[PDB]
>>> print(open('work-v1.pdb').read())   # PDB, N, CA and C atoms
ATOM      1  N   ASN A   1      24.693  38.911-149.063  1.00  0.00           N
ATOM      2  CA  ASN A   1      24.703  39.853-147.950  1.00  0.00           C
ATOM      3  C   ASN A   1      24.334  41.254-148.427  1.00  0.00           C
ATOM      4  N   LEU A   2      25.348  42.053-148.734  1.00  0.00           N
ATOM      5  CA  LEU A   2      25.125  43.413-149.201  1.00  0.00           C
ATOM      6  C   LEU A   2      24.358  43.388-150.524  1.00  0.00           C
ATOM      7  N   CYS A   3      24.651  42.385-151.351  1.00  0.00           N
ATOM      8  CA  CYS A   3      23.995  42.252-152.650  1.00  0.00           C
ATOM      9  C   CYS A   3      22.483  42.378-152.509  1.00  0.00           C
ATOM     10  N   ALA A   4      21.890  43.223-153.348  1.00  0.00           N
ATOM     11  CA  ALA A   4      20.449  43.433-153.318  1.00  0.00           C
ATOM     12  C   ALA A   4      19.911  43.664-154.728  1.00  0.00           C
ATOM     13  N   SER A   5      20.423  44.698-155.390  1.00  0.00           N
ATOM     14  CA  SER A   5      19.986  45.017-156.745  1.00  0.00           C
ATOM     15  C   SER A   5      20.518  43.989-157.740  1.00  0.00           C
ATOM     16  N   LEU A   6      19.874  43.908-158.900  1.00  0.00           N
ATOM     17  CA  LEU A   6      20.290  42.964-159.934  1.00  0.00           C
ATOM     18  C   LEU A   6      21.689  43.302-160.437  1.00  0.00           C
ATOM     19  N   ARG A   7      22.087  44.558-160.263  1.00  0.00           N
ATOM     20  CA  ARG A   7      23.402  45.008-160.705  1.00  0.00           C
ATOM     21  C   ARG A   7      24.495  44.180-160.049  1.00  0.00           C
ATOM     22  N   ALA A   8      24.283  43.826-158.790  1.00  0.00           N
ATOM     23  CA  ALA A   8      25.259  43.030-158.058  1.00  0.00           C
ATOM     24  C   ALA A   8      25.472  41.683-158.750  1.00  0.00           C
ATOM     25  N   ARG A   9      24.398  41.109-159.251  1.00  0.00           N
ATOM     26  CA  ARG A   9      24.487  39.823-159.929  1.00  0.00           C
ATOM     27  C   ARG A   9      25.279  39.952-161.223  1.00  0.00           C
ATOM     28  N   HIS A  10      25.588  41.190-161.599  1.00  0.00           N
ATOM     29  CA  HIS A  10      26.341  41.444-162.824  1.00  0.00           C
ATOM     30  C   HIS A  10      27.746  41.962-162.516  1.00  0.00           C
ATOM     31  N   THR A  11      27.818  43.011-161.699  1.00  0.00           N
ATOM     32  CA  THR A  11      29.101  43.619-161.346  1.00  0.00           C
ATOM     33  C   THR A  11      29.672  43.023-160.064  1.00  0.00           C
ATOM     34  N   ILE A  12      28.848  42.273-159.347  1.00  0.00           N
ATOM     35  CA  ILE A  12      29.276  41.663-158.089  1.00  0.00           C
ATOM     36  C   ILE A  12      29.021  40.155-158.132  1.00  0.00           C
ATOM     37  N   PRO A  13      29.928  39.403-158.703  1.00  0.00           N
ATOM     38  CA  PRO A  13      29.795  37.917-158.820  1.00  0.00           C
ATOM     39  C   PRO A  13      29.613  37.260-157.467  1.00  0.00           C
ATOM     40  N   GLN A  14      30.167  37.876-156.443  1.00  0.00           N
ATOM     41  CA  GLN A  14      30.077  37.307-155.113  1.00  0.00           C
ATOM     42  C   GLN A  14      28.617  37.087-154.742  1.00  0.00           C
ATOM     43  N   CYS A  15      27.742  37.891-155.328  1.00  0.00           N
ATOM     44  CA  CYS A  15      26.320  37.766-155.075  1.00  0.00           C
ATOM     45  C   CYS A  15      25.839  36.393-155.522  1.00  0.00           C
ATOM     46  N   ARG A  16      26.345  35.931-156.663  1.00  0.00           N
ATOM     47  CA  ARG A  16      25.931  34.636-157.182  1.00  0.00           C
ATOM     48  C   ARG A  16      26.304  33.525-156.202  1.00  0.00           C
ATOM     49  N   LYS A  17      27.496  33.622-155.618  1.00  0.00           N
ATOM     50  CA  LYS A  17      27.942  32.613-154.659  1.00  0.00           C
ATOM     51  C   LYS A  17      27.071  32.641-153.410  1.00  0.00           C
ATOM     52  N   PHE A  18      26.726  33.846-152.972  1.00  0.00           N
ATOM     53  CA  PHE A  18      25.890  34.018-151.793  1.00  0.00           C
ATOM     54  C   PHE A  18      24.526  33.358-151.985  1.00  0.00           C
ATOM     55  N   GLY A  19      23.901  33.610-153.133  1.00  0.00           N
ATOM     56  CA  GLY A  19      22.589  33.031-153.420  1.00  0.00           C
ATOM     57  C   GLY A  19      22.705  31.886-154.423  1.00  0.00           C
ATOM     58  N   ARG A  20      22.132  30.737-154.069  1.00  0.00           N
ATOM     59  CA  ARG A  20      22.173  29.568-154.943  1.00  0.00           C
ATOM     60  C   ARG A  20      20.775  28.984-155.119  1.00  0.00           C
ATOM     61  N   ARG A  21      20.106  28.721-154.002  1.00  0.00           N
ATOM     62  CA  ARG A  21      18.762  28.156-154.044  1.00  0.00           C
ATOM     63  C   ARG A  21      18.676  27.054-155.094  1.00  0.00           C
TER      64      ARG A  21
END
>>> encode(input="work-v1.pdb", output="C-alpha coordinates")
Amino acid sequence: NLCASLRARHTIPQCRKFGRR
(Lines of atoms letter the chains of each structure in order from A and count residues from 1; the text may use other names and numbers.)
(Lines give C-alpha, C1' and ligand atoms only; values in the text may rest on other atoms or scores of the structure.)
Protein backbone atom coordinates (compact mmCIF):
# COMPACT_ATOMS: atom_id res chain seq x y z
CA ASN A 1 0.00 0.00 0.00
CA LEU A 2 1.95 2.98 1.32
CA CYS A 3 5.18 1.09 0.60
CA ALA A 4 6.86 2.54 -2.48
CA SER A 5 10.59 3.17 -2.02
CA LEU A 6 13.05 0.30 -1.58
CA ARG A 7 13.59 1.59 1.96
CA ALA A 8 10.20 0.17 2.91
CA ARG A 9 11.37 -3.28 1.86
CA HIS A 10 14.10 -2.80 4.47
CA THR A 11 12.62 -0.72 7.30
CA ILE A 12 9.03 -1.71 6.52
CA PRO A 13 8.71 -5.55 6.42
CA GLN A 14 4.99 -5.15 5.93
CA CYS A 15 5.89 -4.17 2.39
CA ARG A 16 7.21 -7.67 1.77
CA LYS A 17 3.90 -9.19 2.88
CA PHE A 18 1.98 -6.77 0.67
CA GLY A 19 4.00 -7.69 -2.42
CA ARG A 20 4.70 -11.34 -3.24
CA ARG A 21 4.25 -11.95 -6.96
>>> residues_around(input="work-v1.pdb", residues="residue A:6", least_positions_apart="5", cutoff="12 Å", atoms="only C-alpha atoms", output="JSON list (two decimals) with N, CA and C atoms, in the frame of the given file")
[["chain", "number", "residue", "atom", "x", "y", "z"],
["A", 11, "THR", "N", 27.82, 43.01, -161.70],
["A", 11, "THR", "CA", 29.10, 43.62, -161.35],
["A", 11, "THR", "C", 29.67, 43.02, -160.06],
["A", 12, "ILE", "N", 28.85, 42.27, -159.35],
["A", 12, "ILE", "CA", 29.28, 41.66, -158.09],
["A", 12, "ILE", "C", 29.02, 40.16, -158.13],
["A", 13, "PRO", "N", 29.93, 39.40, -158.70],
["A", 13, "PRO", "CA", 29.80, 37.92, -158.82],
["A", 13, "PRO", "C", 29.61, 37.26, -157.47],
["A", 15, "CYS", "N", 27.74, 37.89, -155.33],
["A", 15, "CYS", "CA", 26.32, 37.77, -155.07],
["A", 15, "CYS", "C", 25.84, 36.39, -155.52],
["A", 16, "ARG", "N", 26.34, 35.93, -156.66],
["A", 16, "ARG", "CA", 25.93, 34.64, -157.18],
["A", 16, "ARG", "C", 26.30, 33.52, -156.20]]
>>> atom_distance(input="work-v1.pdb", atom1="atom C of residue A:21", atom2="atom C of residue A:4")
16.7 Å
>>> axis_aligned_box(input="work-v1.pdb", around="stretch 6-21 of chain A", padding_each_side="4 Å", output="lines of an AutoDock Vina configuration file")
center_x = 24.4
center_y = 36.0
center_z = -157.3
size_x = 19.5
size_y = 26.0
size_z = 19.0
>>> build_atoms(input="work-v1.pdb", residues="stretch 2-16 of chain A", atoms="N, CA, C and O atoms", output="mmCIF file, in the frame of the given file")
data_model
loop_
_atom_site.group_PDB
_atom_site.id
_atom_site.type_symbol
_atom_site.label_atom_id
_atom_site.label_comp_id
_atom_site.auth_asym_id
_atom_site.auth_seq_id
_atom_site.Cartn_x
_atom_site.Cartn_y
_atom_site.Cartn_z
ATOM 1 N N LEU A 2 25.348 42.053 -148.734
ATOM 2 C CA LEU A 2 25.125 43.413 -149.201
ATOM 3 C C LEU A 2 24.358 43.388 -150.524
ATOM 4 O O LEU A 2 23.529 44.258 -150.791
ATOM 5 N N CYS A 3 24.651 42.385 -151.351
ATOM 6 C CA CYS A 3 23.995 42.252 -152.650
ATOM 7 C C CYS A 3 22.483 42.378 -152.509
ATOM 8 O O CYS A 3 21.869 41.725 -151.665
ATOM 9 N N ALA A 4 21.890 43.223 -153.348
ATOM 10 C CA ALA A 4 20.449 43.433 -153.318
ATOM 11 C C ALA A 4 19.911 43.664 -154.728
ATOM 12 O O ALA A 4 19.052 42.922 -155.204
ATOM 13 N N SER A 5 20.423 44.698 -155.390
ATOM 14 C CA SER A 5 19.986 45.017 -156.745
ATOM 15 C C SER A 5 20.518 43.989 -157.740
ATOM 16 O O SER A 5 21.495 43.292 -157.466
ATOM 17 N N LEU A 6 19.874 43.908 -158.900
ATOM 18 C CA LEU A 6 20.290 42.964 -159.934
ATOM 19 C C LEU A 6 21.689 43.302 -160.437
ATOM 20 O O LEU A 6 22.393 42.441 -160.965
ATOM 21 N N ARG A 7 22.087 44.558 -160.263
ATOM 22 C CA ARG A 7 23.402 45.008 -160.705
ATOM 23 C C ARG A 7 24.495 44.180 -160.049
ATOM 24 O O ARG A 7 25.508 43.869 -160.674
ATOM 25 N N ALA A 8 24.283 43.826 -158.790
ATOM 26 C CA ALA A 8 25.259 43.030 -158.058
ATOM 27 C C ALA A 8 25.472 41.683 -158.750
ATOM 28 O O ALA A 8 26.589 41.178 -158.839
ATOM 29 N N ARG A 9 24.398 41.109 -159.251
ATOM 30 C CA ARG A 9 24.487 39.823 -159.929
ATOM 31 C C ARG A 9 25.279 39.952 -161.223
ATOM 32 O O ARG A 9 25.596 38.952 -161.869
ATOM 33 N N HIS A 10 25.588 41.190 -161.599
ATOM 34 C CA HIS A 10 26.341 41.444 -162.824
ATOM 35 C C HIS A 10 27.746 41.962 -162.516
ATOM 36 O O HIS A 10 28.739 41.437 -163.025
ATOM 37 N N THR A 11 27.818 43.011 -161.699
ATOM 38 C CA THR A 11 29.101 43.619 -161.346
ATOM 39 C C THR A 11 29.672 43.023 -160.064
ATOM 40 O O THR A 11 30.834 43.257 -159.729
ATOM 41 N N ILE A 12 28.848 42.273 -159.347
ATOM 42 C CA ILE A 12 29.276 41.663 -158.089
ATOM 43 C C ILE A 12 29.021 40.155 -158.132
ATOM 44 O O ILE A 12 27.991 39.680 -157.654
ATOM 45 N N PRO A 13 29.928 39.403 -158.703
ATOM 46 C CA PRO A 13 29.795 37.917 -158.820
ATOM 47 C C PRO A 13 29.613 37.260 -157.467
ATOM 48 O O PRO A 13 29.002 36.203 -157.352
ATOM 49 N N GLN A 14 30.167 37.876 -156.443
ATOM 50 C CA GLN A 14 30.077 37.307 -155.113
ATOM 51 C C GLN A 14 28.617 37.087 -154.742
ATOM 52 O O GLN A 14 28.287 36.193 -153.963
ATOM 53 N N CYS A 15 27.742 37.891 -155.328
ATOM 54 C CA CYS A 15 26.320 37.766 -155.075
ATOM 55 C C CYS A 15 25.839 36.393 -155.522
ATOM 56 O O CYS A 15 25.011 35.769 -154.855
ATOM 57 N N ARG A 16 26.345 35.931 -156.663
ATOM 58 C CA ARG A 16 25.931 34.636 -157.182
ATOM 59 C C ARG A 16 26.304 33.525 -156.202
ATOM 60 O O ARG A 16 25.525 32.602 -155.974
#
